[PDB]
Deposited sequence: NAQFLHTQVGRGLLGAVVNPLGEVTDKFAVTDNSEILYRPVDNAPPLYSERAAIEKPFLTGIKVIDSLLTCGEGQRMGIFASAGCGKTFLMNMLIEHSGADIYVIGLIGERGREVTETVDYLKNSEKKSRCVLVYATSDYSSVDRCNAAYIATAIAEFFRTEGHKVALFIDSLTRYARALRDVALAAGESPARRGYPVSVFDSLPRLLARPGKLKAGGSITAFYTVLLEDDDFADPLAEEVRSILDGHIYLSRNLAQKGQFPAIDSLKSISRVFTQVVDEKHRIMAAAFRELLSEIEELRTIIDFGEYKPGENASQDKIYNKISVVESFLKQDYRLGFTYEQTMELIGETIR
């Protein structure tokens, strides 16, 4: 009902009982205070309209799926689509003040791989990890999500630009389902956002694809869809931009970004249709100049979409690259 918060948790690994079990970084600050895990969402007069972009350093996201400070974004993927690796990129290449990660995964070796990565991350001095394995009860697995959110809420009230990761909402829902065996979301997800008098919580929720996805799709402000077929093609991140959206996009980017994003999306749609024309054996070079020009652009847009996970791109570099692609 109450949990540990404060800057003293930076570099610490927190369990479903709120206690420190490990450290991946040690920090000057030892500030540790105490807050209830279930806090009411900001009253609509305290929320600010989402108008500033949360840049991720990832070309596909910052150009076509531009997030906003305070947005909650869904990451939809089936197992083995690199949802954890995409979350690693989001941490490395964004510019948040503090990162709070909530893993409701279940196997034991799960969490330590994340602790291992945070141990070697350049953001380690400003990350907090909350976990809950299968050996914990369903109430504890839930409470891991409330604790991660409460920690992020304290940092937001201090004025920090907070990024929150909940992986996963499915595993969370399974544990939440068993409490019913004896509706925390929307209430769970109404807590992120940007405060008029404070900082922000930009949230990313992972949803395992095999009802639950239909329910949360209408609640969030957008979703990133990781499709297995672009991953087996070798394209990473496996983000299908045409099947993903950030609905605050128009509110967080200017008009030159908007026209370039529209033009790039028309190019993407024309490429996949040309691809199915190729697979059908109906494409002949020199037969249709329009098809041939789109064909000669397939390589340069694949060049833009793919990204090494250790590389980050500034907003200027992303807009410069996309402009030279749609020329």
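Asker: Should a student be asked to find the unmodelled regions, what ranges of the deposited sequence would be the right answer here?
Answerer: Those stretches are 1 to 4, 187 to 201, 230 to 235, listed in order.
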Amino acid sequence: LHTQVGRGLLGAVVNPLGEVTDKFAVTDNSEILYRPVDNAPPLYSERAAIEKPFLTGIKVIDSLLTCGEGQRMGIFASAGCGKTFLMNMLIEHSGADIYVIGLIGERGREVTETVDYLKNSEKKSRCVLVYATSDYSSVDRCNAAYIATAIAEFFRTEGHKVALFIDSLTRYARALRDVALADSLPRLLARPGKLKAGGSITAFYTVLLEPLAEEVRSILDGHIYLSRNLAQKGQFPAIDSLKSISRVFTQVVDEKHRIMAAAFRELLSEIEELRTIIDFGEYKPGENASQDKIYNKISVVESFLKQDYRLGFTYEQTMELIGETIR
From here on, numbers count along this sequence of modelled residues.
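Asker: Please compare 247 to 255 with 128 to 136 and say which has the higher mean C-alpha temperature factor in the record.
Answerer: The stretch with the larger mean CA B-factor is 128 to 136.
Asker: Taking only the CA atoms, which stretch has the higher mean B-factor in the record, 283 to 291 or 43 to 51?
Answerer: According to the entry, 43 to 51 carries the higher average C-alpha B-factor.
Asker: Would you mind checking which of 200, 232, 88, 121 has the top Cα temperature factor in the PDB entry?
Answerer: In the PDB entry, the greatest C-alpha B-factor among 200, 232, 88, 121 is found at 232.
Asker: Choose from 189, 104, 224, 242 the residue with the greatest Cα B-factor as stated in the PDB record.
Answerer: Answer for 189, 104, 224, 242: 104, with the highest C-alpha B-factor.
Asker: Which third, lowest, middle or highest, does the CA B-factor of residue 72 fall in along this chain?
Answerer: Its C-alpha B-factor, which the entry lists for residue 72, ranks in the middle third among residues of this chain.
Asker: Pull the Cα B-factor of residue 299 out of the PDB entry and bin it into the chain's lowest, middle or highest third.
Answerer: According to the entry, residue 299 has a C-alpha B-factor in the chain's middle third.
Asker: Would you mind ranking residue 56 by its C-alpha B-factor against the rest of the chain and naming the third, lowest, middle or highest?
Answerer: Its C-alpha B-factor, which the entry lists for residue 56, ranks in the lowest third among residues of this chain.
Asker: Sorting the chain's modelled residues by C-alpha B-factor, tell me whether residue 99 ends up in the lowest, middle or highest third.
Answerer: Its C-alpha B-factor, which the entry lists for residue 99, ranks in the lowest third among residues of this chain.
Asker: By its CA B factor, does residue 1 count among the lowest, middle or highest third of the modelled residues in the chain?
Answerer: It falls in the top third of the chain.
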